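Chemist: Sharing an experimental structure here, sequence included.
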Amino acid sequence: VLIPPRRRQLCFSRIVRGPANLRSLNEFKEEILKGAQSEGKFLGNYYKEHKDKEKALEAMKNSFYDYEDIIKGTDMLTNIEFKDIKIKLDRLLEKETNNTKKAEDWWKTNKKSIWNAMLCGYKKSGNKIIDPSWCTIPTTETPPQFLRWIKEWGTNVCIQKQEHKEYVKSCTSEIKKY
Amino acid sequence: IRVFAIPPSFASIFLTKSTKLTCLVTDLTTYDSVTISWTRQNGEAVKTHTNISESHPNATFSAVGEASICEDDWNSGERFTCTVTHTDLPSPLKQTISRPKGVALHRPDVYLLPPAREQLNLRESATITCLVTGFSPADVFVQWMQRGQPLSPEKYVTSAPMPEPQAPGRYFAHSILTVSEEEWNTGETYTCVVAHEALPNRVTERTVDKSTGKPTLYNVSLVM
Amino acid sequence: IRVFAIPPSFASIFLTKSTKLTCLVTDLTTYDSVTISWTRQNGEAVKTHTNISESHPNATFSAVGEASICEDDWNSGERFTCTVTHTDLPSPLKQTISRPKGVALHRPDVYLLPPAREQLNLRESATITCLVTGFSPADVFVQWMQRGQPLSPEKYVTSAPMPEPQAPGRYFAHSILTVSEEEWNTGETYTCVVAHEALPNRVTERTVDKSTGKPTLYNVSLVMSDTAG
Amino acid sequence: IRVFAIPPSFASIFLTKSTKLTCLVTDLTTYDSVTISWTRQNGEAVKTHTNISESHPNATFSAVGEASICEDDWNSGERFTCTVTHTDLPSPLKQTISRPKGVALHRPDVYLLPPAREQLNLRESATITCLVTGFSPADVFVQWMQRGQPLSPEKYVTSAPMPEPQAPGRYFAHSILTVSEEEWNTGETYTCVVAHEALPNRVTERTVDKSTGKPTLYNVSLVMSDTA
Ligand SMILES: *[C@@H]1O[C@H](CO)[C@@H](O)[C@H](O)[C@H]1NC(C)=O
Ligand SMILES: *[C@@H]1O[C@H](CO)[C@@H](O)[C@H](O)[C@H]1NC(C)=O
């Protein structure tokens, strides 16, 4: 397992990531997960001109599924993201609601999978119109891309290998340093 | 067979507003027809006792006899004798209980410690504790009123009185009330009322609010 | 005649760092050299019991039998049985005791509350109450330490565990260290050592000083009248 | 041809929660009539032994027989020896494992220094450092717990106990732990558990928080005039 920069590109609010539990899921986890409209700095700051417009939104697709698997069984091994209490923040609050629904039963980024789809953050700073075909990946789609074991791997070659490839196609020791 | 009559605890006196008594007993013969009775040195008429407990299978039958007694008469400490007669034992089980005298009355000091910030930081609970210390009679009755409405005994748990470490005669007690941190931040003025004999009016209040205990962070000194 | 079996409590195992298996007898006629013994699952012989209580004036003798055992055997669920062998006793009596099992472990939350400001104004004493809440089972060993040295049990008194209203299995407790305000106005550690099974290392501490808390006290003192226009 | 005894140190005893005694044979090949038995002064070598190691091409096998004994009994210095009888060497070999009583017992004075404000200002990462000083036995074991849950030994690096020149009879050790600035500003409380023999309770904790070191008194005095 090679963790991509999901360690930082995930910009959870302080409340969920911190030790403090949440008062009510209908209002704080509600408003805090959307509180990560700050998950819109790809085209806001970094991908604004670094790459083509499509890839910036493709990176959001990666965060969304990442976000989904934080809520239920990712593979980060960290007290704030996996083996963490934020997943318990969900279970604790729903269980407080007479076990109304498991976090992996509903509210698994399925019942309210839509959120804002981070497009508000995309639009907040980048201010680039999302194509209708581009607007269905930041929201829910049936494929889960297999538990992050082969999606974060999906993202490795999308940039971390192909851009070094095109650099090579563009000293030879530095080329052989890839 | 000897009856273990219990005096009406101050908690019973103040919670029910009436002096209710019972005559629990260690018993040899499980069941007998005749029931409980209460007698006084004055020899006044016995009070009605009802709802006697059913036969105890393990032969340690315990019976309850309820009587109404004037608070002043019990306050004076005059001895009351429980008289229980049974078919097996013709001799009445004459046993007397009176509130102990000769103990100095010491006024409780009630100090309402707010929740530890280590707890409010979790934003999951806020255990307010009513620290009752310094009262000499063992009896005490702590009750919690939130926002002016009394709260059911379920919400709060009152620790049994125990001897104070430093002062031997005096006692202390605890009463923690747990409320979700959402309620605490609203500032609902959770008040603790302690009922004790030594108090001037038998009850004193101490109210803790989210604001209380906050020092003056900002000290603006505008001088022209 | 009748015998009492005393399983080692969490305080006994923790306070002495050893497991004491005492077996006392009540309602037994006094006689010299009363023999008592424990028995394990394999029935291995116990250490020669000592410190047997003398003959009480009430014609009742208490034969206390203590055997030192390794904590691993008792914490593995292995059960012990106390057997009494004496001429006075009509026949041997067997009482088996083991560690209770089936109770869900829960980590205590040691919150330490400083004394109320009202108590300080009285100038007589200060109560530093340590709140051990939300732990199961109902067996905790709360201890107080000042400057790394244990404080005498006379100063601090620990209330017995009691059920917590919010949840059935959970319990809570207390521990109040009465100290003179003079000892508290000057910063002093007053650590609350809480020992419990569920904790990662079986202990937890919470230090309190006059400094702990004390929000930043801004003292903006701005002179602005120097401007005249 | 010698047997090297491995006395599980206090760190191992605390981590594994039990005393697992092992003595390892070095530079010797396996022979018939191999004997292992933890013998004390009393001689009651009735411990179970399991998982006997097999011969190693470099003639280094453990022949390990594990046993469970009290911590305090071992602290008394029972001097367990695994008696080995081998064909090549008829004389049995003894390898005592015990605690030398000569070594003193000074409790560590564990101090938890929060991250320097020069780290937080740069705003990349904060390195909490735990300072353990004043312990005479060189058997400290430091664990870091965040939010009441132990952290993997990978996240922190505990310096080996080194001599303290200023205190001849005491050693010191540090164990830095580095977290992302976005995690330290979150307010998480990191507790430096230090496990040591000399401690009265065998364990001590120190808590470091976002607000452990704060300026308790801001004293600003703005003086705004109109002329020189
Ligand atoms: C608050 O400011 C006034 C201004 O003169 C000063 O006298 C007083 O000592 C200050 N109190 C505190 C607690 O800082
Ligand atoms: C607070 O400020 C006032 C005026 O600036 C000063 O007289 C007082 O001593 C200060 N108190 C402190 C620093 O505690």
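Modeler: Nice, I can see it. Numbers count the residues shown, from 1 in each chain, chains lettered A, B, ... in the order given. Ligands and ions are numbered 1, 2, ... in the order given.

Chemist: Residue B:36 reaches residue B:52, doesn't it?
Modeler: Yes - with contact defined as C-beta atoms under 8 Å, residue B:36 reaches residue B:52; the gap is 6.8 Å. In this view, the C-beta of every residue, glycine as well, is placed from N, C-alpha and C.

Chemist: Overlap in contacts, those two.
Modeler: Residues touching both residue B:36 and residue B:52 by C-beta atoms under 8 Å, 6 or more residues apart in numbering or on different chains: B:63-65.

Chemist: top of the residues you listed by neighbour count?
Modeler: Neighbour tally across the shared contacts of residue B:36 and residue B:52 (other C-beta atoms under 10 Å in any protein chain shown): the maximum, 25 neighbours, falls on residue B:65.

Chemist: quick one: contacts for that one?
Modeler: Counting by C-beta under 8 Å, 6+ apart, residue B:65 makes contact with B:21-23, B:35-38, B:49, B:52, B:82, B:84.

Chemist: Residue A:110 now?
Modeler: By C-beta under 8 Å, 6+ apart, the residues touching residue A:110 are residue A:140.

Chemist: Quick check: residue B:195 vs residue B:68, distance?
Modeler: 20 Å (C-beta to C-beta, to the nearest Å).

Chemist: Looking at those two, which one has more neighbours?
Modeler: Each of residue B:195 and residue B:68 has its neighbours counted (other C-beta under 10 Å); residue B:195 has more, 19 against 11.

Chemist: ok, residue A:149 - how many residues close by?
Modeler: Neighbour count for residue A:149, taken as other C-beta under 10 Å: 11.

Chemist: and if you look at residue A:43?
Modeler: Neighbours of residue A:43 (other C-beta under 10 Å): 25.

Chemist: mind checking the SS state of it?
Modeler: Assigned state for residue A:43: helix (three-state reduction, DSSP: H, G, I helix; E, B strand; the rest coil).

Chemist: distance of the residue nearest to it when sequence neighbours are not counted from residue A:120?
Modeler: Nearest residue to residue A:43, sequence neighbours excluded (C-beta to C-beta, 6 or more residues apart in numbering or on different chains): residue A:126, at 3.3 Å. Distance, residue A:126 to residue A:120, by C-beta to C-beta: 11 Å.

Chemist: what do these two both touch?
Modeler: Taking C-beta under 8 Å, 6+ apart as the contact rule, the neighbours common to residue A:126 and residue A:120 are residue A:40.

Chemist: neighbour-wise, which of these two wins?
Modeler: More neighbours surround residue A:126 than the other of residue A:126 and residue A:120, with 22 against 13 (other C-beta under 10 Å).

Chemist: doesn't residue A:45 make contact with the more buried one?
Modeler: No - counting by C-beta under 8 Å, residue A:126 does not reach residue A:45; the two are 9.1 Å apart.

Chemist: For residue B:20, list the residues it contacts.
Modeler: Counted by C-beta under 8 Å, 6+ apart, residue B:20 has contacts B:8, B:12, B:66-68.

Chemist: And chain B, split by domain according to the record?
Modeler: The record's domain parsing of chain B by CATH domains of a matching chain lists B:1-100, B:105-224.

Chemist: what about residue A:152, how many neighbours?
Modeler: Neighbours of residue A:152 using other C-beta under 10 Å come to 21.

Chemist: Please report how far it lies from ligand 1.
Modeler: Remark: distance between residue A:152 and ligand 1 (C-beta to the nearest ligand atom, to the nearest Å) = 54 Å.

Chemist: Tell me where chain A has helices.
Modeler: A:6-9, A:14-17, A:30-35, A:41, A:53-71, A:86-96, A:119-121, A:152-155, A:162-169, A:172-176 (DSSP state H).

Chemist: I'd like the distance from the residue nearest to residue A:14 when sequence neighbours are not counted to ligand 1, if you could.
Modeler: Spatial nearest neighbour of residue A:14, chain neighbours left out: residue D:186 (5.3 Å); criterion: C-beta to C-beta, 6+ apart. Applying C-beta to the nearest ligand atom, the value for residue D:186 to ligand 1 is 31 Å.

Chemist: Return the distance of residue D:186 relative to residue D:208.
Modeler: For residue D:186, the distance to residue D:208 - C-beta to C-beta - is 13 Å.

Chemist: Kindly report the same for residue A:102.
Modeler: Separation of residue A:102 from residue D:208 (C-beta to C-beta) stands at 36 Å.

Chemist: what would the helices of chain A look like in CSV with distance to residue A:130?
Modeler: CSV is the format used below for the helices of chain A (distance: least, C-beta to C-beta, whole Å):
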stretch, distance to residue A:130
helix A:6-9, 19
helix A:14-17, 26
helix A:30-35, 17
helix A:41, 16
helix A:53-71, 7
helix A:86-96, 28
helix A:119-121, 6
helix A:152-155, 20
helix A:162-169, 24
helix A:172-176, 37
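
Chemist: Switch the ones you listed over to JSON lines; also include distance to ligand 2.
Modeler: As requested, the helices of chain A are arranged in JSON lines below (distance: least, C-beta to the nearest ligand atom, whole Å):
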{"stretch": "helix A:6-9", "distance to ligand 2": "41"}
{"stretch": "helix A:14-17", "distance to ligand 2": "32"}
{"stretch": "helix A:30-35", "distance to ligand 2": "39"}
{"stretch": "helix A:41", "distance to ligand 2": "42"}
{"stretch": "helix A:53-71", "distance to ligand 2": "47"}
{"stretch": "helix A:86-96", "distance to ligand 2": "41"}
{"stretch": "helix A:119-121", "distance to ligand 2": "45"}
{"stretch": "helix A:152-155", "distance to ligand 2": "54"}
{"stretch": "helix A:162-169", "distance to ligand 2": "57"}
{"stretch": "helix A:172-176", "distance to ligand 2": "60"}
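
Chemist: Would you mind measuring from the residue of chain B found nearest ligand 2 to residue B:121?
Modeler: In chain B, no residue comes nearer to ligand 2 than residue B:221, which is 4.7 Å away by C-beta to the nearest ligand atom. Residue B:221 is 32 Å from residue B:121, where distance means C-beta to C-beta.

Chemist: repeat for residue B:26
Modeler: Applying C-beta to C-beta to residue B:26 and residue B:121 gives a distance of 52 Å.

Chemist: related to what we said a few turns ago, list the contacts for the residue nearest to residue A:43?
Modeler: So residue A:126 contacts A:40, A:42-44, A:47-48, A:56 (C-beta under 8 Å, 6+ apart).

Chemist: what does residue A:102 give?
Modeler: Per C-beta under 8 Å, 6+ apart, neighbours of residue A:102: A:91, A:94, A:108.

Chemist: and it, how far is that from residue A:67?
Modeler: 18 Å.

Chemist: biggest strand in chain B by residues?
Modeler: strand B:126-135 (DSSP state E).

Chemist: Put the alpha carbons of that one into PDB.
Modeler: Extracted C-alpha coordinates of strand B:126-135, given in PDB (Å, rounded to 0.1, in the frame of the first residue of the first chain):
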ATOM      1  CA  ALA B 126     -20.900  17.500  31.400                       C
ATOM      2  CA  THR B 127     -21.000  16.000  34.900                       C
ATOM      3  CA  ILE B 128     -21.900  18.800  37.300                       C
ATOM      4  CA  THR B 129     -21.000  17.800  40.900                       C
ATOM      5  CA  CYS B 130     -22.600  19.200  44.000                       C
ATOM      6  CA  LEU B 131     -19.900  18.800  46.700                       C
ATOM      7  CA  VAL B 132     -21.600  18.700  50.100                       C
ATOM      8  CA  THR B 133     -19.100  18.800  52.800                       C
ATOM      9  CA  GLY B 134     -19.000  19.600  56.500                       C
ATOM     10  CA  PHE B 135     -22.400  18.400  57.800                       C
END
